[PDB]
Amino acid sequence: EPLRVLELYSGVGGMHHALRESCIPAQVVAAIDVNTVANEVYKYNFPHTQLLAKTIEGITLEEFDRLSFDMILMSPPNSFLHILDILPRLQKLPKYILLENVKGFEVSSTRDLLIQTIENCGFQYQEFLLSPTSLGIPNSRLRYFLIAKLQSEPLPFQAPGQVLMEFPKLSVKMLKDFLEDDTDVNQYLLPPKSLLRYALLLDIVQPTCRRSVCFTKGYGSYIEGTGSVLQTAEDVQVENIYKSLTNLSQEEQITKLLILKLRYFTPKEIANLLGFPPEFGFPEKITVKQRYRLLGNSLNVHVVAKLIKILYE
């Protein structure tokens, strides 16, 4: 029978999308999240999946037992300590666990607790720090990953006391392959004041580029350090526009900066770069800002999918 998957801290459902891509015999029995905005997006894309809009800390052991899950997929931002407290009390321990977190987690106290708990329960595990660029995706998103399997023999690729920086046994695609034809360029052009203020601090990429900076939840609202911006103007070079800036009045610098036709990648384009399927979308009521915020909290579906494949077989 198919594995019963519990999806905690579900968000827009990146774990569920990764589960479907992995092709393994499994189905999400319960997705859990308190955020009503994330949940409307999740339900919209996964209308037949049980979604529990509840605090994870408030879920009792009985509720977890009734779910009878064989795999936990989670991206914890208390609720986490509760999960750890619940594990040794479950009538049926899940055979699989996959956790995603941020760089630095691998040295944290919380991580030390997680590993102690899972080791005490008989799980073989391996930690990783992976970015989508390792899979030929032109977008950086270095994240922590822990895969664990309930068995006696170590995973074949195990490296004790080490965090693996690559997938166990790239040719990067261009950004053009992830752009949407129907993108309303004018709508996404960076505004004048933002161009001038952040002019020298932008990471400008062209469609033929095979890299882009990590997108944060603030992308599209805050300029600096939140993700690359796209040059849509052809037959103009960034270098020539920037050379022209010294000695021009601020209004003149803006005129020059607008020529590059720099625009934000759209929420759908970020979802594409994150590996979300073609049909993935958002309800009309979800604002562009909410879309960027939700995607910023999500994960790269392709990376997790490959890790699920590794963990399962």
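The first residue of the sequence shown is number 1, and the count goes up from there.
Unmodelled stretch of the deposited sequence separating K169 from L170, binned as none, 1 to 3, 4 to 9 or 10 or more: Gap between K169 and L170: 10 or more unmodelled residues.
None, 1 to 3, 4 to 9, or 10 or more: how many residues of the deposited sequence lack coordinates between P77 and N78? Per the deposited record, the segment joining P77 and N78 lacks coordinates for 10 or more residues.
Of 9-17 and 286-294, the stretch whose C-alpha atoms average the higher B-factor in the entry: Going by the record's values, the stretch with the higher mean is 286-294.
Between 228-236 and 106-114, point out the one with the higher average CA B-factor as the PDB entry records it. Result: 106-114.
Just the C-alpha B-factor column, please: which of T266, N39, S244, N272 has the biggest number? The record points to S244.
Could you check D203, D184, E100, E127 and tell me which one carries the biggest Cα B-factor in the deposited entry? Each of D203, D184, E100, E127 was compared by C-alpha B-factor; the highest is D184.
Looking at the entry's B-factor column for C-alpha atoms only, identify whether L248 ranks in the lowest, middle or highest third of its chain. It belongs to the highest third of the chain when residues are ordered by C-alpha B-factor.
For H82, return the chain-relative third of its C-alpha B-factor as stated in the PDB record: lowest, middle or highest. For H82, whose C-alpha B-factor we compare with every modelled residue in the chain, the answer is the middle third.
Taking the chain's C-alpha temperature factors as the reference, tell me which third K176 falls into: lowest, middle or highest. For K176, the deposited C-alpha B-factor lands in the highest third.
Consider only the C-alpha atoms of the modelled residues in this chain, order them by B-factor as the entry records it, and name the third containing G58: lowest, middle or highest. Highest third of the chain for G58's C-alpha B-factor.
Using the B-factor values recorded in the entry, state whether the Cα atom of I137 falls in the lowest, middle or highest third among the modelled residues of its chain. CA B-factor rank for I137: middle third.
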